[PDB]
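> Data file final_25.txt (compact mmCIF, C-alpha atoms) is appended below.
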# COMPACT_ATOMS: atom_id res chain seq x y z
CA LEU Z 398 -14.32 -132.22 17.80
CA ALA Z 399 -12.18 -132.19 14.65
CA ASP Z 400 -9.97 -129.28 13.63
CA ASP Z 401 -12.37 -128.48 10.75
CA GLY Z 402 -15.67 -128.80 12.62
CA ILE Z 403 -18.48 -126.35 13.24
CA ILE Z 404 -16.44 -125.21 16.23
CA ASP Z 405 -13.62 -124.28 13.83
CA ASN Z 406 -15.83 -122.00 11.75
CA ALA Z 407 -17.27 -120.42 14.88
CA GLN Z 408 -13.85 -119.81 16.41
CA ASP Z 409 -12.12 -118.41 13.33
CA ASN Z 410 -15.08 -116.08 12.82
CA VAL Z 411 -14.52 -115.05 16.45
CA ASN Z 412 -10.84 -114.42 15.71
CA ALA Z 413 -11.64 -112.36 12.60
CA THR Z 414 -14.07 -110.29 14.65
CA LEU Z 415 -11.32 -109.81 17.24
CA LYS Z 416 -8.82 -108.60 14.63
CA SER Z 417 -11.33 -106.19 13.07
CA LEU Z 418 -12.08 -104.94 16.59
CA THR Z 419 -8.38 -104.36 17.22
CA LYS Z 420 -7.96 -102.44 13.95
CA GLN Z 421 -11.00 -100.23 14.59
CA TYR Z 422 -9.83 -99.67 18.16
CA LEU Z 423 -6.41 -98.53 16.95
CA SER Z 424 -7.91 -96.13 14.40
CA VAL Z 425 -10.40 -94.62 16.84
CA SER Z 426 -7.57 -94.56 19.39
CA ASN Z 427 -5.34 -92.34 17.27
CA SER Z 428 -8.35 -90.14 16.48
CA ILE Z 429 -9.18 -89.89 20.20
CA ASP Z 430 -5.51 -89.18 20.92
CA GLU Z 431 -5.56 -86.21 18.56
CA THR Z 432 -8.87 -84.88 19.89
CA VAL Z 433 -7.97 -85.24 23.58
CA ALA Z 434 -4.56 -83.68 22.90
CA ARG Z 435 -6.29 -80.66 21.38
CA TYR Z 436 -8.67 -80.49 24.36
CA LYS Z 437 -5.80 -80.64 26.86
CA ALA Z 438 -4.02 -77.91 24.91
CA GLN Z 439 -7.22 -75.82 25.12
CA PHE Z 440 -7.19 -76.41 28.87
CA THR Z 441 -3.61 -75.13 28.93
CA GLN Z 442 -4.45 -71.89 27.11
CA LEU Z 443 -7.48 -71.27 29.30
CA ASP Z 444 -5.35 -71.84 32.41
CA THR Z 445 -2.81 -69.35 31.04
CA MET Z 446 -5.59 -66.79 30.51
CA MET Z 447 -6.94 -67.45 34.02
CA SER Z 448 -3.40 -66.82 35.30
CA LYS Z 449 -3.96 -63.17 34.33
CA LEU Z 450 -6.00 -62.52 37.45
CA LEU U 398 -2.86 -6.65 20.35
CA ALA U 399 -2.04 -6.92 16.64
CA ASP U 400 -0.87 -10.10 14.93
CA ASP U 401 2.78 -9.03 15.17
CA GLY U 402 2.32 -8.66 18.93
CA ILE U 403 4.30 -10.96 21.18
CA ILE U 404 1.26 -12.00 23.23
CA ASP U 405 -0.76 -12.69 20.07
CA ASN U 406 2.13 -14.69 18.60
CA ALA U 407 2.47 -16.60 21.88
CA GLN U 408 -1.21 -17.56 21.91
CA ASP U 409 -1.06 -18.50 18.22
CA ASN U 410 1.86 -20.80 18.99
CA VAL U 411 -0.11 -22.17 21.95
CA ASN U 412 -3.12 -23.04 19.79
CA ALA U 413 -0.88 -24.59 17.13
CA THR U 414 0.83 -26.70 19.80
CA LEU U 415 -2.48 -27.83 21.28
CA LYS U 416 -3.81 -28.74 17.82
CA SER U 417 -0.71 -30.86 17.22
CA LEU U 418 -1.33 -32.42 20.63
CA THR U 419 -4.95 -33.04 19.59
CA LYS U 420 -3.66 -34.89 16.53
CA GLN U 421 -1.46 -36.94 18.88
CA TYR U 422 -4.53 -37.57 21.04
CA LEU U 423 -6.41 -38.84 17.98
CA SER U 424 -3.51 -41.18 17.16
CA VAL U 425 -3.41 -42.53 20.72
CA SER U 426 -7.21 -42.87 20.72
CA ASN U 427 -7.27 -44.98 17.56
CA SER U 428 -4.41 -47.13 18.89
CA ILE U 429 -6.38 -47.57 22.13
CA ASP U 430 -9.47 -48.52 20.13
CA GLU U 431 -7.55 -51.14 18.14
CA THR U 432 -5.99 -52.62 21.28
CA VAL U 433 -9.38 -52.70 23.03
CA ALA U 434 -10.86 -54.41 19.96
CA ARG U 435 -8.20 -57.12 20.19
CA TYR U 436 -8.80 -57.45 23.94
CA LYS U 437 -12.55 -57.85 23.42
CA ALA U 438 -11.91 -60.45 20.72
CA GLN U 439 -9.79 -62.35 23.25
CA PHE U 440 -12.50 -61.98 25.90
CA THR U 441 -15.14 -63.38 23.54
CA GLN U 442 -12.76 -66.22 22.64
CA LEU U 443 -12.30 -66.99 26.34
CA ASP U 444 -16.08 -66.95 26.83
CA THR U 445 -16.50 -69.39 23.94
CA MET U 446 -13.84 -71.72 25.35
CA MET U 447 -15.48 -71.67 28.79
CA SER U 448 -18.86 -72.36 27.17
CA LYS U 449 -17.42 -75.37 25.33
CA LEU U 450 -16.25 -76.86 28.64
Transcribe the structure of this file into structure tokens.


Amino acid sequence: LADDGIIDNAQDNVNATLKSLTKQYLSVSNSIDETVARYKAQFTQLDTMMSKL
Amino acid sequence: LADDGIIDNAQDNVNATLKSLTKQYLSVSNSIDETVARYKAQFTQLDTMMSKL
């Protein structure tokens, strides 16, 4: 139950995994933002072409 | 009936005018072909975009 026990190693490994997860999530999030923005733009141009009925 | 004749000169002028108009028709035809080529490129692009979705 000490601050430097086996629990401490387990929990700081958990925290490091959490921070790596957050970093990877942010990177993939900006990538997804760019991709989805391009897809929504594509939807806009196809709607504009469909407007020419 | 001869070349100096007014009717012969009139029909010569008529054929010259219609040949100039045929040149104009060729110009309009190639412009139409270019515009149709662009339109078909856009149609194929639209087909590709709809296939992606």

> Considering all atoms listed in the file, tabulate each residue of chain Z that lies at most 9 Å from chain U along with its nearest interatomic pair and the corresponding distance in Å to one decimal; arrange the rows by chain and ascending residue number and present them as CSV.


residue,atom,partner,partner_atom,distance
Z:439,CA,U:446,CA,7.8
Z:440,CA,U:446,CA,8.9
Z:443,CA,U:443,CA,7.1
Z:446,CA,U:443,CA,7.9

> Report chain U as a PDB file with C-alpha atoms, keeping the file's coordinate frame in the frame of chain Z, after least-squares superposition over all C-alpha atoms paired in order.


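Saved to part-v7.pdb:
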ATOM      1  CA  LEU U 398     -12.743-130.890  16.299  1.00  0.00           C
ATOM      2  CA  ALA U 399     -10.669-130.620  13.115  1.00  0.00           C
ATOM      3  CA  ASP U 400     -10.117-127.399  11.184  1.00  0.00           C
ATOM      4  CA  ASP U 401     -12.903-128.253   8.728  1.00  0.00           C
ATOM      5  CA  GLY U 402     -15.270-128.601  11.688  1.00  0.00           C
ATOM      6  CA  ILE U 403     -18.144-126.162  11.939  1.00  0.00           C
ATOM      7  CA  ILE U 404     -17.415-125.274  15.574  1.00  0.00           C
ATOM      8  CA  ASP U 405     -13.717-124.743  14.807  1.00  0.00           C
ATOM      9  CA  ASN U 406     -14.602-122.597  11.785  1.00  0.00           C
ATOM     10  CA  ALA U 407     -17.076-120.629  13.914  1.00  0.00           C
ATOM     11  CA  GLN U 408     -14.466-119.884  16.578  1.00  0.00           C
ATOM     12  CA  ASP U 409     -11.903-118.984  13.906  1.00  0.00           C
ATOM     13  CA  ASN U 410     -14.385-116.509  12.449  1.00  0.00           C
ATOM     14  CA  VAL U 411     -15.038-115.218  15.975  1.00  0.00           C
ATOM     15  CA  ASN U 412     -11.347-114.551  16.620  1.00  0.00           C
ATOM     16  CA  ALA U 413     -10.952-112.908  13.208  1.00  0.00           C
ATOM     17  CA  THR U 414     -13.944-110.669  13.941  1.00  0.00           C
ATOM     18  CA  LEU U 415     -12.616-109.714  17.369  1.00  0.00           C
ATOM     19  CA  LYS U 416      -9.179-108.926  15.908  1.00  0.00           C
ATOM     20  CA  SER U 417     -10.823-106.638  13.354  1.00  0.00           C
ATOM     21  CA  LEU U 418     -12.733-105.074  16.244  1.00  0.00           C
ATOM     22  CA  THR U 419      -9.422-104.678  18.102  1.00  0.00           C
ATOM     23  CA  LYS U 420      -8.062-102.795  15.093  1.00  0.00           C
ATOM     24  CA  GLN U 421     -11.174-100.591  15.251  1.00  0.00           C
ATOM     25  CA  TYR U 422     -10.522-100.113  18.970  1.00  0.00           C
ATOM     26  CA  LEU U 423      -6.965 -98.993  18.193  1.00  0.00           C
ATOM     27  CA  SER U 424      -8.302 -96.499  15.633  1.00  0.00           C
ATOM     28  CA  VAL U 425     -10.834 -95.101  18.111  1.00  0.00           C
ATOM     29  CA  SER U 426      -8.150 -94.982  20.819  1.00  0.00           C
ATOM     30  CA  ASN U 427      -5.757 -92.919  18.707  1.00  0.00           C
ATOM     31  CA  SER U 428      -8.603 -90.590  17.682  1.00  0.00           C
ATOM     32  CA  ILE U 429      -9.500 -90.224  21.374  1.00  0.00           C
ATOM     33  CA  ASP U 430      -5.863 -89.480  22.191  1.00  0.00           C
ATOM     34  CA  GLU U 431      -5.666 -86.779  19.513  1.00  0.00           C
ATOM     35  CA  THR U 432      -8.919 -85.171  20.663  1.00  0.00           C
ATOM     36  CA  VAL U 433      -7.779 -85.266  24.303  1.00  0.00           C
ATOM     37  CA  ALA U 434      -4.473 -83.684  23.249  1.00  0.00           C
ATOM     38  CA  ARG U 435      -6.369 -80.821  21.610  1.00  0.00           C
ATOM     39  CA  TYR U 436      -8.596 -80.479  24.685  1.00  0.00           C
ATOM     40  CA  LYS U 437      -5.574 -80.304  26.994  1.00  0.00           C
ATOM     41  CA  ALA U 438      -3.976 -77.706  24.725  1.00  0.00           C
ATOM     42  CA  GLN U 439      -7.167 -75.654  25.061  1.00  0.00           C
ATOM     43  CA  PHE U 440      -7.166 -76.147  28.837  1.00  0.00           C
ATOM     44  CA  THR U 441      -3.566 -74.933  29.096  1.00  0.00           C
ATOM     45  CA  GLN U 442      -4.456 -71.971  26.866  1.00  0.00           C
ATOM     46  CA  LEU U 443      -7.370 -71.129  29.167  1.00  0.00           C
ATOM     47  CA  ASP U 444      -5.066 -71.382  32.194  1.00  0.00           C
ATOM     48  CA  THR U 445      -2.597 -69.007  30.538  1.00  0.00           C
ATOM     49  CA  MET U 446      -5.350 -66.509  29.717  1.00  0.00           C
ATOM     50  CA  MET U 447      -6.645 -66.611  33.300  1.00  0.00           C
ATOM     51  CA  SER U 448      -3.087 -66.138  34.582  1.00  0.00           C
ATOM     52  CA  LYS U 449      -2.641 -63.073  32.362  1.00  0.00           C
ATOM     53  CA  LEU U 450      -5.740 -61.476  33.909  1.00  0.00           C
TER      54      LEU U 450
END

> In Å, how far is it from CA of residue 415 in chain Z to CA of residue 431 in chain Z?

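Separation of CA of residue 415 in chain Z and CA of residue 431 in chain Z: 24.3 Å.
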
> Might I get the box with edges along x, y and z of the file that holds all atoms of range 436-443 of chain Z listed there, padded by 4 Å on every side, given as centre and edge lengths in Å to one decimal, as JSON?


{"center_x": -6.1, "center_y": -76.0, "center_z": 26.8, "size_x": 13.1, "size_y": 17.4, "size_z": 12.9}

> Generate the coordinates of N, CA, C and O atoms for range 423-442 of chain U; report them as a short mmCIF file (atom, residue, chain, number, x, y, z; two decimals), in the frame of the given file.


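After the write, rebuild01.cif holds the following:
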data_model
loop_
_atom_site.label_atom_id
_atom_site.label_comp_id
_atom_site.auth_asym_id
_atom_site.auth_seq_id
_atom_site.Cartn_x
_atom_site.Cartn_y
_atom_site.Cartn_z
N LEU U 423 -5.66 -38.01 18.92
CA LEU U 423 -6.41 -38.84 17.98
C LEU U 423 -5.64 -40.11 17.64
O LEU U 423 -6.23 -41.20 17.57
N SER U 424 -4.33 -40.00 17.44
CA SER U 424 -3.51 -41.18 17.16
C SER U 424 -3.56 -42.17 18.32
O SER U 424 -3.78 -43.37 18.12
N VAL U 425 -3.38 -41.66 19.54
CA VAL U 425 -3.41 -42.53 20.72
C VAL U 425 -4.80 -43.12 20.90
O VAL U 425 -4.94 -44.28 21.32
N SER U 426 -5.85 -42.36 20.58
CA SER U 426 -7.21 -42.87 20.72
C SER U 426 -7.48 -44.01 19.75
O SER U 426 -8.10 -45.01 20.13
N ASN U 427 -7.04 -43.88 18.49
CA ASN U 427 -7.27 -44.98 17.56
C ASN U 427 -6.42 -46.20 17.91
O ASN U 427 -6.88 -47.34 17.76
N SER U 428 -5.20 -45.99 18.40
CA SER U 428 -4.41 -47.13 18.89
C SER U 428 -5.09 -47.81 20.07
O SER U 428 -5.13 -49.05 20.14
N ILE U 429 -5.65 -47.02 20.99
CA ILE U 429 -6.38 -47.57 22.13
C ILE U 429 -7.58 -48.37 21.65
O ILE U 429 -7.88 -49.45 22.16
N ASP U 430 -8.30 -47.83 20.66
CA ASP U 430 -9.47 -48.52 20.13
C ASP U 430 -9.09 -49.85 19.51
O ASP U 430 -9.77 -50.86 19.72
N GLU U 431 -7.99 -49.89 18.74
CA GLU U 431 -7.55 -51.14 18.14
C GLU U 431 -7.16 -52.16 19.21
O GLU U 431 -7.53 -53.34 19.13
N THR U 432 -6.41 -51.71 20.22
CA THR U 432 -5.99 -52.62 21.28
C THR U 432 -7.19 -53.15 22.06
O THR U 432 -7.24 -54.33 22.42
N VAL U 433 -8.17 -52.28 22.32
CA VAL U 433 -9.38 -52.70 23.03
C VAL U 433 -10.18 -53.67 22.18
O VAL U 433 -10.79 -54.61 22.69
N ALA U 434 -10.18 -53.47 20.86
CA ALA U 434 -10.86 -54.41 19.96
C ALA U 434 -10.22 -55.79 20.05
O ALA U 434 -10.91 -56.81 20.13
N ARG U 435 -8.88 -55.84 20.04
CA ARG U 435 -8.20 -57.12 20.19
C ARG U 435 -8.51 -57.75 21.55
O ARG U 435 -8.74 -58.96 21.65
N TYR U 436 -8.52 -56.93 22.61
CA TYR U 436 -8.80 -57.45 23.94
C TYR U 436 -10.21 -58.02 24.03
O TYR U 436 -10.43 -59.07 24.65
N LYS U 437 -11.18 -57.34 23.42
CA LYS U 437 -12.55 -57.85 23.42
C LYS U 437 -12.68 -59.11 22.58
O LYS U 437 -13.47 -60.00 22.93
N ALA U 438 -11.93 -59.20 21.48
CA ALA U 438 -11.91 -60.45 20.72
C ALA U 438 -11.38 -61.59 21.58
O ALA U 438 -11.94 -62.70 21.58
N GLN U 439 -10.31 -61.34 22.34
CA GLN U 439 -9.79 -62.35 23.25
C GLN U 439 -10.79 -62.71 24.34
O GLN U 439 -10.89 -63.87 24.73
N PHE U 440 -11.51 -61.72 24.86
CA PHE U 440 -12.50 -61.98 25.90
C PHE U 440 -13.64 -62.85 25.37
O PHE U 440 -14.09 -63.79 26.04
N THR U 441 -14.12 -62.55 24.16
CA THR U 441 -15.14 -63.38 23.54
C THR U 441 -14.62 -64.78 23.26
O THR U 441 -15.36 -65.76 23.42
N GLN U 442 -13.36 -64.90 22.84
CA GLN U 442 -12.76 -66.22 22.64
C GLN U 442 -12.72 -67.00 23.95
O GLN U 442 -13.05 -68.19 23.98
#
